[PDB]
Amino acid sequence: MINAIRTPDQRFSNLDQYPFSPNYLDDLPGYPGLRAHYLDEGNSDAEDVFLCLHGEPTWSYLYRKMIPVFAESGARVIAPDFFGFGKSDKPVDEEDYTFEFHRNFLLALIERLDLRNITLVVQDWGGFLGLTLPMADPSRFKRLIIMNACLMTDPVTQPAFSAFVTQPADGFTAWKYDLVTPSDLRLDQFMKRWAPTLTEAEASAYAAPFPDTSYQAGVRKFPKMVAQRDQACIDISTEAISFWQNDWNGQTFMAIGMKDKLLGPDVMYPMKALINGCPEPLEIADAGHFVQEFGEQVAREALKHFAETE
């Protein structure tokens, strides 16, 4: 019904530091015939669930350094790949991908797996989407680990969440240009540019899911949605602000990648004030946008912060 394609299994043969077994679902209500991949690590019967959401133009591979730390603590860790990324199916038309398409997949996943006691771990798109989830079923959410992310609200309600789109020129402007313009988009080269500490191997794992451009429609659409926010996105992200500010009673841990030209400190400080009870952020000086690349440390420090309240 939704025309999609699937990456050949052989593209993931040679992955570096990703020994996690695949789990798939192809029976989600609203996504017929589409197969979603997700990792499910640690004790399946654990009380605590770490729901790890990735963003553009990545996949669960991004949390590979945090997963073992959260698992080792006794938690179950869920790390789904959005349709159009990783090992999940990829709709071939850019028009199929919208903010609700991705947000409703997550609410479906969460219901399907019956996830409870959720510690939400987000960044980038994982956070644009993920921060609008708790208000849909607040009983399932208990903690939040937030890295460089904000809400896709309208320019007037929160100028900080809109200003980065236009400036600086080597910020989101550069990001979007690198992603939606080339007719020969090489993810490994893009990642090496935006996360300069990746090895060749790690960079290659980020291109793994896309053999050619026909597999990249979701990758092309995400940056356009940051630039052109539809009405549902705006209304939903605007209502989320109220949730975080007045309804949220959980534990929060915030980590900022200080070299991020996109969602760095001028975006993170304002998010921190809207999140009720958000403590002082852990600023990682050498980290850029992809804070997970410096994940072991964020994982360790947040568990340490959350233990100190149990």
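Numbering starts at 1 and runs along the sequence shown.
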Query raised in the report: Which wins on mean Cα temperature factor, 216-224 or 151-159?
Result: 151-159
Query raised in the report: Taking only the CA atoms, which stretch has the higher mean B-factor in the record, 228-236 or 134-142?
Result: 134-142
Query raised in the report: Going by the deposited entry, which of 38, 50, 248, 253 has the highest CA temperature factor?
Result: 248
Requested in this report: Determine which member of 257, 68, 55, 277 has the highest CA B-factor, using the values in the deposited entry.
Outcome: 277
Query raised in the report: Compared with the other modelled residues in the chain, in which third is the CA B-factor of residue 81?
Result: lowest
**Report entry** residue 289 - Cα temperature factor, lowest/middle/highest third of chain
**Finding:** lowest
Query raised in the report: Ranked by Cα temperature factor within the chain, is residue 204 in the lowest third, the middle third or the highest third?
Result: middle
Query - Cα B factor band for residue 34 (lowest, middle or highest third within the chain) - result: highest
Query raised in the report: What third of its chain's C-alpha B-factors does residue 192 belong to: lowest, middle or highest?
Result: middle
